[PDB]
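Structure, as structure tokens:
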Ligand SMILES: *CCC(=O)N1CC2(CCN(c3nc(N4CCCC4)nc(-c4c(C)ccc5[nH]ncc45)c3C#N)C2)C1
Ligand SMILES: Nc1nc2c(ncn2[C@@H]2O[C@H](COP(=O)(O)OP(=O)(O)O)[C@@H](O)[C@H]2O)c(=O)[nH]1
Ligand SMILES: [Mg+2]
């Protein structure tokens, strides 16, 4: 059979949400993508032997509270919390993204993966320990990715699917 998964990618402007999503859906690096374009993108893959349809919402546009965005999170089954390793502000924001998702879901048990993107860049500002410790406090996996080289990209998305599978068994 097959399983469908609703994924939502969140994080600050410019962390690589679209680039990561496009690497998953199209298998190459797209370095310029309109920051106002928010959409869902479907991609059929195979994960641990089962056909899996990933509907991936790539959040974008205006950072503004809206009921429409609350509905995205309510519908969403798992969330990539993305920051850039060379952007301390985007890492600081992760807390707020998690808090907002937790608010909507009304739960502390929500499938999430912390993603540190732009791992290819030489000048990092957010240390791995800081991210590892934050993920530990949340009880979620941490995966370093590069949308540029594709390092860790499948691992990030597939790990999130595996976290959703576990949650669904409860
Ligand atoms: C450069 C453009 C870009 O890629 N952006 C990502 C957004 C659009 C969606 N964003 C967003 N931001 C926030 N913030 C709260 C703390 C700092 C920014 N919250 C939400 C959000 C969440 C995570 C959950 C529920 C929400 N309801 N309204 C907003 C909600 C989103 C979203 N989506 C930044 C700019
Ligand atoms: N070096 C590097 N650049 C990246 C990576 N991911 C995204 N970028 C670049 O970062 C900028 C923002 O990427 P984008 O996908 O638009 O981020 P979004 O605003 O979160 O969707 C663009 O100039 C991308 O080319 C990465 O893994 N490595
Ligand atoms: Mg984008």
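Numbering (PDB author numbering), first residue to last: 0 to 169. Every residue gets a Cβ at the ideal spot worked out from N, C-alpha and C, and that includes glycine.
* Looking only at C-alpha atoms, which of 34, 62, 54, 121 sits nearest to residue 86? -> 121
Measuring CB to CB, does residue 151 end up less than 8 Å from residue 162? no
Do residue 37 and residue 59 have their CB atoms nearer than 8 Å? yes
query = By DSSP, does residue 87 sit in helix, in strand, or in coil?
reply = helix
| query | Which of the three DSSP states, helix, strand or coil, is assigned to residue 92? | reply | helix
inquiry  = What does the alpha-carbon distance come out to for the pair residue 9 and residue 134?
reply    = 15 Å
Practice prompt. Within 10 angstroms of the Cβ of residue 97, are there 16 or more other Cβ atoms? Answer buried if so, exposed if not.
Written response: buried
**Asked** Do three or more CB pairs link the stretch 103 to 116 to the stretch 74 to 85 at distances below 8 Å?
**Response** yes
- Message: Just to confirm the assignment: which complete alpha helix (DSSP H) runs, minimum length 4, are found wholly within the stretch 9 to 94?
- Response: 16 to 25, 66 to 74
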